[PDB]
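Structure, as structure tokens:
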Amino acid sequence: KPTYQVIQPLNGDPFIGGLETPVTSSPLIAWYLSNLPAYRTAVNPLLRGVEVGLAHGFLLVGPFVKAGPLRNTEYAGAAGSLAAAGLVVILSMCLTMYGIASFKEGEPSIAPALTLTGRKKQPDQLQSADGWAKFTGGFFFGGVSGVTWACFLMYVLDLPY
Amino acid sequence: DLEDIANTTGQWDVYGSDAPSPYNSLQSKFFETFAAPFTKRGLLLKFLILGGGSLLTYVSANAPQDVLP
Amino acid sequence: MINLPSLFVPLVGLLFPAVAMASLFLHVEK
Amino acid sequence: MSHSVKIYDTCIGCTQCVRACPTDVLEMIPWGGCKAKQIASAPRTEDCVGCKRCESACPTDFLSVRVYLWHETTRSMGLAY
Amino acid sequence: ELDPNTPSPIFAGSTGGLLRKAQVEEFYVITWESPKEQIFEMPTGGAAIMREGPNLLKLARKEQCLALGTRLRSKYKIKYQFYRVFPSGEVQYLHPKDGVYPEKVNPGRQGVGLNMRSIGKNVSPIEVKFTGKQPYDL
Amino acid sequence: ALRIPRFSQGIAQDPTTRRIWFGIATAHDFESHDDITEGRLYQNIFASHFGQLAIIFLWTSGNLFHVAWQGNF
Ligand code: CLA
Ligand code: CLA
Ligand SMILES: CC1=C(/C=C/C(C)=C\C=CC(/C)=C/C=C/C=C(C)/C=C/C=C(C)/C=C/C2=C(C)CCCC2(C)C)C(C)(C)CCC1
Ligand SMILES: CCCCCCCCCCCCO[C@H]1O[C@H](CO)[C@@H](O[C@H]2O[C@H](CO)[C@@H](O)[C@H](O)[C@H]2O)[C@H](O)[C@H]1O
Ligand code: SF4
Ligand code: SF4
């Protein structure tokens, strides 16, 4: 109702930064981002893995199939996979050996729901190594794969321009 | 008092942190173990960095009749 | 077969690096 | 050492002499006779960063301190963050 | 926070102080007295007001929160007071302890000033080779 | 906030990046860094530069080995 929320710097105390303006916390945005790993950890990291792998997947094509090193390809193995089914791979363990900055070793299974979560102190960590696996495992099958309905999609194209 | 409109529906209000969408499409365990071997992750990565990276580079460099540098 | 001695620049200038940039991220942790 | 820079002098009087330096130096610990009788070189130094604001003022007549600590926490440099 | 809103040291916004490393490790915070409603200077670039409560602002790191003095004693007041908050409790009772005002006498506490030998002719370099049996761990 | 670099100690639990650089450039300063004795040191430069002569022959070898099958002689 007010001048802009009940007017506030942060959630509350103004001695943390964030300076909650728009571009920060307008219900216009903060909802365009929480089926995913923004505020709350849906299901485990398991599945988010491939919508992440895949979406980021069929990117990196015209970047390296239309800006490729000697470009506009007449090779049936480009306008798609070619190599870049390398990036996802050079970085699908650019990750795994960051989940070695995560260990914390468990197995609860709580992607099913119980009592309206919080995951509470959900900030900081509180996602152990046996989580960051099933994500960067979702990554490979999201990266490699997400590279082919790029490729596989013929190409009808416009522009332009 | 007409513009005292009793806040034309309060809302409740604050929706929530509560509850402005259900969740994630039911597509899941339609990958259960499907693609495992990072879902058998129980000791790996050393395997995929000789394997994958000896076949992004073994045949990837070699070639039967140049099309040279 | 004809004309094929190209593996000792990636296994070195490429893959050997992969190893240690990975591996030696032992400096961070192991 | 881990914060070991010597500003000592001989007067260790601290009036129109020296005070400046974030926390580190809770002295006035009068040794049994040294004129305005307050002495030594520090208190418990495991607290703050690495100034030489430490002299800049009130004698050390010799050296004056600076960084020499090496073993160096973070709290011991602003940035652990 | 709000459901508990216990404030004292007015501000509004700011991209200055406190961020991630004051939970995951240590905390640090200053407290004070004051007469009547007065506008101050601030660490972190900004600037606000006073009146009371505890007058208890929390601060990122302790070099930051004594500079209320390096000006916040060119603006009246005996009393200003900063402690050390953890993510759980104590040991390091920061402006607590005994007496206060660095330049008095109750006890002596630490300090020393000497090493082995004093400032005198240490043209004498580094002596023994570092070896587990002759008093050079101090 | 863990413990790492296996020789120094002040360096070893320094939370920044100095942790790294300063690791990779105290290595060769044997005389006085944690691990050392006038007995250690000496020998710790001795089987060091036996790690020398050693690297001078993997140089010279290859010098004579990119030459013998191509590289006119
Ligand atoms: C790539 C990035 C770079 C980075 C790291 C940042 C980082 C930041 N910016 Mg920022 N900014 C950038 C580029 C960047 N900016 C550019 C180019 C502009 C235009 C001048 C701005 C204008 C801007 C403003 C006005 C503000 C910030 C703020 C911030 C801070 C917090 C805001 C936030 O994260 O909300 C979360 C952000 C989102 C949820 C982004 C969602 C938008 C997506 C979905 C766009 C999708 C595009 C769509 C498909 C079509 C567009 C096509 C094309 C034209 C782009 C953060 C430090 C805020 C700040 O100062 O700190 C509090 C402040 O409000 N920025
Ligand atoms: C324009 C150019 C320029 C040039 C020609 C150089 C040249 C040099 N710089 Mg340098 N530098 C530059 C700009 C430049 N710099 C700039 C702009 C900055 C910052 C403003 C620096 C900051 C800098 C620093 C701090 C240092 C140097 C050093 C050096 C020297 C080290 C050479 C080397 O082979 O290391 C080779 C480098 C590497 C092996 C590291 C790269 C790692 C990458 C490839 C990993 C990629 C991650 C990937 C996504 C992960 C995949 C996973 C896989 C590993 C498993 C060399 C003289 C160093 C030096 O003095 O050494 C004697 C060092 O001190 N530079
Ligand atoms: C988040 C995300 C992601 C990921 C990220 C990551 C995870 C990254 C990582 C990265 C990494 C993980 C990296 C690494 C790097 C490495 C390095 C950089 C290394 C190295 C090195 C070196 C060079 C060494 C040196 C040395 C040492 C240290 C020892 C002694 C001395 C010497 C010299 C030897 C992406 C983007 C994908 C997307 C999605 C989301
Ligand atoms: C490829 C074959 C997949 C079919 C499932 C059988 C083996 C699954 C691999 C895990 C090995 C342990 O076997 C297990 O399988 C079931 C899943 O179907 C388990 O059920 C559960 O186990 C985990 C233990 O924390 C939980 O996170 C999950 O709720 C679930 O996967 C039983 O705890 C056990 O029988
Ligand atoms: S020399 Fe410095 S601080 Fe030392 S005794 Fe005097 S003023 Fe005290
Ligand atoms: S000189 Fe040293 S001890 Fe003194 S204040 Fe500065 S940093 Fe602290």
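Positions of Cβ are set from backbone N, Cα and C atoms, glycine also.
Within D:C17, D:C21, the residue that Swiss-Prot lists together with D:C48, D:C51, D:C54 for binding [4Fe-4S] cluster 2 is D:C21. Residues near D:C54 ([4Fe-4S] cluster 2 binding site) in space but far in sequence (CB under 8 A, at least 6 apart, same chain), listed by position: D:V5, D:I7, D:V18, D:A20, D:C21, D:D24, D:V25, D:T60, D:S64, D:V65. Secondary structure of the domain '4Fe-4S ferredoxin-type 2' (D:39-68) per DSSP, as helix, strand and coil residue counts: 0 helix, 0 strand, 30 coil. Counting only the Cα atoms, the space from D:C48 ([4Fe-4S] cluster 2 binding site) to D:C17 ([4Fe-4S] cluster 1 binding site) is about 21 angstrom.
Long-range contacts of the domain '4Fe-4S ferredoxin-type 2' (D:39-68) within the same chain: residues 1-12, 14, 17-18, 20-27, 29-31, 75-78, each at least 6 residues beyond the stretch ends and with a Cβ under 8 Å from a Cβ of the stretch. Local packing around the Cβ, expressed as the count of other Cβ atoms within 10 angstroms, is greatest for D:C51 among the binding-site residues D:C11, D:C51. Across the structure, D:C17 ([4Fe-4S] cluster 1 binding site) and D:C51 ([4Fe-4S] cluster 2 binding site) place their CA atoms 17 angstrom apart.
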